[PDB]
Number of protein chains: 2
Amino acid sequence: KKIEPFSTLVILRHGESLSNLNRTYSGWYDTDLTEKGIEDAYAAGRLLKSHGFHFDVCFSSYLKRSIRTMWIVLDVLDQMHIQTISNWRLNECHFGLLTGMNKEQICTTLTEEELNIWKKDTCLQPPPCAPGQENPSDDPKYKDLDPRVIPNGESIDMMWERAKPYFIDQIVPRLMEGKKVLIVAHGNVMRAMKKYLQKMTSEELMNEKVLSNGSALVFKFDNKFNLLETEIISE
Amino acid sequence: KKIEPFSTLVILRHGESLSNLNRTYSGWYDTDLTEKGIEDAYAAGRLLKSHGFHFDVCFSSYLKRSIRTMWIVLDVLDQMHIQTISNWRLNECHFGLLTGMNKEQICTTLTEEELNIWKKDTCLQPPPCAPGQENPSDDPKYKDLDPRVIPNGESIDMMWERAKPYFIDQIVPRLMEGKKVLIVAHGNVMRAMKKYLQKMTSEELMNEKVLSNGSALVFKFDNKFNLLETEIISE
């Protein structure tokens, strides 16, 4: 038998989306799961069930690929009744002009020095959506957002600047009360949360490899919210 | 063009469940949607979309047939991001001993006079689950419930006694703030809510025919929460 931690945070990357399959940046673009991405969500649900997770609450972004993955996972876990919370502050970076582009054209758009910052750091900010470009933030779901908080082109640093207050104000307090929390996250959001919890720097984070779709991080905490262990579980 | 009401409450019956297909009482038993029931949920989603509903929040019970219907409907509406709340106080009656029985054996169990109260009124209370009977309230999802609030055999009156405080305390205030609310409900819960909002008596309610799976009631209110109109929309 094993000792259970005081609280647990599982962060799961959502399954493959259509933009991911097309190799095109999505960001706030609301691309849905593919057939494979749906099977990724079921596989992640079976993965979490075999590890015996029973969650008290689940968090997702406003993006369908995150929400649909969350619903499938809870379906597999037989926990469809638990509190689910969706908030735009957990959204992936708003890629602005890069929204919808092939992930290979950015070598053309960016100088060689700029490309180095894009992959090795988190401070490079994409330019805003061009005139006439379909801006995902114009979707009616964001109509209640204050225009001054709506991003148009976000570096990973800027994304974390808006997501961190939500993490600290809504998610951390539940972990401090001994809750088991699931977050179905986007790749960059998960990386930022890992850097914060483990006290890494930007360079170490981008050195690490990206977790495949459906892979999960498990953070375990004691009653003082000290980090006790990080595990990577994957299909 | 038409005048929009100050607030709107849509109550939708969930799709066919396996217990409904088998013609067996479910109550708190957590029977899931059949293939037809899933298509009922998609059809109800298309029905609500053609009427132009944009909801601010959705409510369901703790039962999977309600929750899954809610998720499908929001999927069709492209409103998967909206606040969803699941609460056991919106659960169907706990049928106690009758849980799992064929809906035809109750003629044997009940005297002829008792059967008349069962169909024409709402005050008849089923007996509790028998020893050794699988009681749905023993499911781990109710472990945080106070044992004194857990029902074991509920008349429709008793069910409404526990659901009404939740309706008044959580749902009505949102309608009074001009919200559009969706509730994916069970048949008896929807009937009780209709009786309360329209100020009917128990006898008139049970005289009315039951709404088919996937049919919806639309209540419209002004800014004083006076009932302006009730419509029935169905596939």
Side-chain angles (χ1 to χ4, degrees), chain A residues 140-141 143-144, chain B residues 1-14 41 44-61 66-67 69-70 73-74 76-92 122 156-157 159-235:
Chain A
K141 67 168 86 164
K143 67 200 160 69
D144 296 337
Chain B
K1 206 77 226 73
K2 176 62 85 72
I3 306 307
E4 277 257 290
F6 173 82
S7 67
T8 306
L9 171 64
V10 182
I11 311 178
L12 169 71
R13 172 128 164 93
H14 58 71
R46 290 191 297 271
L47 166 62
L48 300 180
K49 172 153 96 145
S50 67
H51 278 82
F53 289 116
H54 296 272
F55 298 107
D56 300 294
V57 60
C58 188
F59 289 91
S60 75
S61 69
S66 171
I67 299 165
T69 294
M70 158 170 77
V73 161
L74 296 181
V76 173
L77 291 165
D78 199 10
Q79 298 171 35
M80 290 162 69
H81 61 277
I82 71 165
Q83 189 181 14
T84 69
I85 298 165
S86 289
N87 199 275
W88 68 267
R89 286 177 171 271
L90 298 180
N91 276 14
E92 176 72 299
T122 53
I156 291 171
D157 287 348
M159 176 273 282
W160 179 240
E161 252 186 299
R162 62 154 164 85
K164 180 180 180 181
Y166 186 78
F167 180 75
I168 295 181
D169 294 347
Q170 282 296 311
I171 300 177
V172 167
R174 296 178 156 99
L175 292 169
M176 273 155 35
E177 294 187 12
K179 306 295 186 198
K180 288 70 217 183
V181 178
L182 174 61
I183 303 176
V184 180
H186 309 275
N188 289 319
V189 180
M190 163 176 340
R191 278 187 282 279
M193 284 178 190
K194 185 183 184 179
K195 172 179 169 298
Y196 172 71
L197 293 174
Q198 295 182 349
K199 289 143 181 311
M200 291 162 59
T201 77
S202 285
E203 310 307 325
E204 310 146 73
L205 168 64
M206 306 303 291
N207 273 337
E208 317 197 303
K209 200 208 174 298
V210 315
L211 251 56
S212 67
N213 292 323
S215 307
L217 291 159
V218 181
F219 304 89
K220 301 175 164 182
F221 306 92
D222 66 7
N223 51 37
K224 290 153 66 71
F225 197 63
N226 302 133
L227 181 62
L228 308 175
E229 183 181 10
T230 304
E231 316 183 23
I232 313 195
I233 62 179
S234 298
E235 186 74 4

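Numbered from 1 within each chain, the chains take letters A, B, ... in sequence-line order.
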Inter-residue atom distance B/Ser234.OG - B/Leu12.CG, 0.5 Å rounding: 9.5 Å

Closest non-hydrogen atom pair between B/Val184 and B/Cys58, with its separation: CG2-SG, 4.2 Å

Among B/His14, B/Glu92, B/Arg191, the one residue meeting side chain to side chain donor-acceptor pair (under 3.5 Å) with B/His186: B/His14

Test side chain to side chain contact (heavy atoms under 4.5 Å, CB included) applied to B/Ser7 - qualifying residues, sequence neighbours left out: B/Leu175, B/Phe221

Minimum-distance pair of heavy atoms, taken over all atoms of B/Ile67 and B/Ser60: CG1-OG, 3.5 Å

Test side chain to side chain contact (heavy atoms under 4.5 Å, CB included) applied to B/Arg162 and B/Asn91, step by step: CA-CA 9 Å; B/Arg162 62 154 164 85; B/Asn91 276 14; 4.1 Å; yes

Pairs involving residues 215-235 of chain B, ordered by first then second residue, that meet salt bridge (charged side-chain N to carboxylate O under 4.0 Å, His left out) (sequence neighbours left out): B/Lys220-B/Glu229, B/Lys220-B/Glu231

Aromatic plane relationship, B/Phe167 with B/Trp160 - under 30° parallel, 30 to 60° tilted, over 60° perpendicular: tilted

A/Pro140 and B/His54, any side-chain heavy atoms less than 4.5 Å apart: no

Atom pair CG/OG1 of B/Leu217 and B/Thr230 - distance to nearest 0.5 Å: 7.0 Å

Considering all heavy atoms, the nearest B/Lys49-B/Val76 contact: CD-O, 3.8 Å

Pairwise distance NZ(B/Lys194) to CD1(B/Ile232) - rounded to 0.5 angstrom: 4.5 Å

Chi angles and distances behind the side chain to side chain contact (heavy atoms under 4.5 Å, CB included) call for B/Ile11, B/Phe219: CA-CA 8 Å; B/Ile11 311 178; B/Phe219 304 89; 3.5 Å; yes

Test side chain to side chain contact (heavy atoms under 4.5 Å, CB included) applied to B/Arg89 and B/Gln170, step by step: CA-CA 11 Å; B/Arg89 286 177 171 271; B/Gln170 282 296 311; over 6 Å; no

Side-chain touch B/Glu204/B/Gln198, heavy atoms, less than 4.5 angstrom: no

Qualifying residues under side chain to side chain donor-acceptor pair (under 3.5 Å), relative to B/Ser66, sequence neighbours excluded: none

Distance (rounded to the nearest 0.5 Å) between B/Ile233 CD1 and B/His51 NE2: 4.5 Å

CG on B/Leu197 to CE on B/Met193, rounded to 0.5 Å: 8.5 Å

Counterpart residues, side chain to side chain donor-acceptor pair (under 3.5 Å), relative to B/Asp56 (two or more places apart): none

Residue that, paired with B/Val57, satisfies side-chain contact (heavy atoms from CB on, under 4.5 Å) out of B/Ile171, B/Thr84, B/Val181: B/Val181

Minimal non-hydrogen separation, B/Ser50 against B/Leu47, with atom names: OG-O, 2.8 Å

For B/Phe55, all residues meeting side chain to side chain contact (heavy atoms under 4.5 Å, CB included), sequence neighbours excluded: B/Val10, B/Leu48, B/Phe53, B/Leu77, B/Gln79, B/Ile82, B/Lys180, B/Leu182

For B/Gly187 against B/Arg13, the heavy-atom pair lying closest together: N-NH1, 3.1 Å

With sequence neighbours excluded, residues passing salt bridge (charged side-chain N to carboxylate O under 4.0 Å, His left out) with B/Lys195: none

